[PDB]
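The chain below stands alone, shown as structure tokens; this is the form deposited in one PDB entry.
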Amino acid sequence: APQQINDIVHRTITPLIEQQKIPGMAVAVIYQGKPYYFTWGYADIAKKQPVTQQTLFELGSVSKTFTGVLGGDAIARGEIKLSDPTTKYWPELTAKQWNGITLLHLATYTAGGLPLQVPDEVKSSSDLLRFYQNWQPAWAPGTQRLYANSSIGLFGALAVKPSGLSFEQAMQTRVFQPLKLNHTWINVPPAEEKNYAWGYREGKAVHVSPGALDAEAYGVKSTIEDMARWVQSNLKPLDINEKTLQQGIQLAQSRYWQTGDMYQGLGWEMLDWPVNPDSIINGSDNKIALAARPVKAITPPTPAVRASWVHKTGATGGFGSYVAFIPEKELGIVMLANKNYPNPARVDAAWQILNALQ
């Protein structure tokens, strides 16, 4: 790595780990389409296992980007349409509040107030049906955005139905494999457990708990190497051989709604570059990120814009992640940590680094 990248990365990350008391962390900077790695501390404190380029971290909601791209791919294959009613793929969803709710609304959190979390009691398949049948929207479709696992997780579940494949089989066959993300998992296999870092919450070692729609909304675990490949693939979809995947990536990066200075794609969120740092830094704080906000439709949607700061934060009880990239600049960053620390601190560090590199 050029001394310049090494310099900004270490001068930015070192203080971060110290002030946030982060046990372990891995960072990847993609500069001119080439990846450079950095690792710090521990993946498992007790057994003194250091973080390495093979350490698996829980991505949390960064998993939503994979779900968005998998849905985009399904659209490109002509298996589903974002214009399709939710009921077309789940006829059992007969309650009338579901009438004007399309796959687009589910994918972009604009269905009308679906909750950030699926209740813990909802476990079985019929459990899930009852939950959505009983849900009472607080707003009409397409008027308010409320970041929700129950919205995009359902989008992910329905989107793979015409394929005949299970969500994880679809994700493996159509996204991970074609992209060579060979150490990216929804269920980590026994043989790879040795690379699975522990997350830390108040000194306690923890891992994400299973839950309804978890694979779709926050269940991916991955390495800093696989994540840098994910960033490269999203920075340059044109150089992806599988046609429907290249398209799916562009569809996930298209602008569907605008809220403040942000635009909602499928999983990914974007802003026009150059961007005002405080706009992305303050916007990443949950007081704003998780708040209900009115949206303006982009009719029709704007196709992926090269000059964008495309990003997504992610967290589990024990991990904190962040991905951001500027296509026009062939520049990107991945930050994986085994401690959930505040989003603003993550975006500011990413900003400090990327602004320095170009």
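The term rigid core refers to the maximal set of C-alpha atoms that superpose within 1.5 Å between the two forms. Each residue number is its position in the shown sequence, starting from 1. Residues that one form lacks are left out of the comparison.
What follows is about the form deposited with a small molecule bound, which we do not show.
By the 4.5 Å heavy atom rule, the three marked residues 11, 15 and 352 all fail to count as contacting the small molecule in the deposited complex. The small molecule in the deposited complex comes within 4.5 Å of no heavy atom belonging to residue 41. In the deposited complex, no heavy atom of residue 171 sits within 4.5 Å of the small molecule. In the deposited complex, none of the heavy atoms of residue 331 sits within 4.5 Å of a heavy atom of the small molecule. Contact check for residue 50: every heavy atom lies farther than 4.5 Å from the small molecule in the deposited complex. Segment displaced between this form and the one not shown is 288 to 290 alone (run of at least 3 consecutive residues, each Cα moved 2 Å or more after rigid core superposition).
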